[PDB]
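Let me begin by presenting the structure, written as C-alpha cells, before commenting on it.
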Amino acid sequence: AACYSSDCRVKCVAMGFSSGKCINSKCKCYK
Numbered sequence: 001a002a003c004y005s006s007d008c009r010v011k012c013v014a015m016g017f018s019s020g021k022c023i024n025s026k027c028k029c030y031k
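Here is the structure:
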C-alpha cells in the first residue's frame, strides 16, 4: 500500500480537515 499525501489530504478534506499527508506509511490530517 502506497501512502500518498494527496490522497490522504482528500480523505481529510472529506472527513473535515484542512489537509493531509503521508509519513513512513500513515496518513495524517491537517486539522
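Going by the authors' numbering, the sequence shown opens with residue 1, and the numbers climb by one from there. Heads up, the beta-carbon is just placed ideally off N, CA and C, and yes, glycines get one too.
- Its Cα nearest to that of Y4, the residue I23 stands out among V13, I23, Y30.
- The beta carbons of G20 and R9 sit about 4 angstroms from each other, so the pair counts as a contact at 8 angstroms.
- Assignment of beta-bridge partners to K28 by DSSP yields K21.
- For a cut-off of 8 angstroms, the C-beta gap from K31 to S18 is around 7 angstroms, short enough to register as a contact.
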